[PDB]
Every structure is written in C-alpha cells, then in structure tokens.
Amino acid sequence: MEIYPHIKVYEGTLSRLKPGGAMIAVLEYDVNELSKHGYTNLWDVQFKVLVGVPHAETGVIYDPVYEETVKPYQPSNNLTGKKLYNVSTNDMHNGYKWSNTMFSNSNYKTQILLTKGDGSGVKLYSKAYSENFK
C-alpha cells in the first residue's frame, strides 16, 4: 500500500499594512525578553494600534490621531522561545477606521503597543511603521 504521511497545509493571511483593508500584523516576540519586562502569562496581553507621527527622539506616537484596541489571535504552536500574536484591526466592521486614517496622510505611521490585559505592565512598542512595515 501507498504511504500518505501526516501533512499539515498552512493556510491564512500573513502580515499586511496596506490601504483599503485591516492591518494584519503577525508578530513574533522572544519569550525570554517578554518574561524579563514582567510578562508572566503570555496569554494576558492587550494590543493597541496607534496611528500618527512618532516622536523624533523616542520613536513613540504620543499623540495618536487614531487608536484601536485589539484582542489578538494566538497560534497554539510556537517556535522554541518565541511567542506569536496575530494583531488585526476591525476595518471590515467599523468603517475602515484604521486604514482610512493611516492612509489619509503620508506622514502617518502605525505603531503596535503591547501591554497586559488590563492596560498595565511595561509598555512594549513596535517600530512606528510605514506602509508594508517599512
């Protein structure tokens, strides 16, 4: 008899930061680095998506023109010492708020803030990104 090994087919949508659709950020952090900044339960986290202009010295968008709270999708399987979070804005259901704002002004950037579930904790920022995470 012919052999059919177990094959998982990965399907889905990887990261997108483009006009006309939700931001999809498939982000991987280091567990050792999260644990160090006080992240004990990697499950207990909230994300804010910040749209605006970053501060020239710190890189933080302190006065976002738009913010959005996102409950991530968390893949069950992770590379050793890594932690994936899939952070996707609610554009499809909210009037395309994130994309319309982000791309209403070519100076604007999108920055992703990780905190604990209730907003506390050390604030862990992504780079303030341009289109296509540049």
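Start at 1 with the first residue shown and count on from there.
Trainee: Going by the average Cα B-factor in the PDB entry, point out whether 22-30 or 97-105 comes out higher.
Mentor: Between 22-30 and 97-105, it is 97-105.
Trainee: Out of 112-120 and 5-13, which one has CA B-factors that are higher on average in the deposited record?
Mentor: Averaging CA B-factors over each stretch, the winner is 112-120.
Trainee: Sort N90, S35, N86, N78 by C-alpha B-factor from the entry and give me just the highest.
Mentor: When the deposited C-alpha B-factors of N90, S35, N86, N78 are compared, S35 is largest.
Trainee: Out of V45, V53, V70, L50, which shows the largest CA B-factor listed in the entry?
Mentor: The listed residue with the largest C-alpha B-factor is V45.
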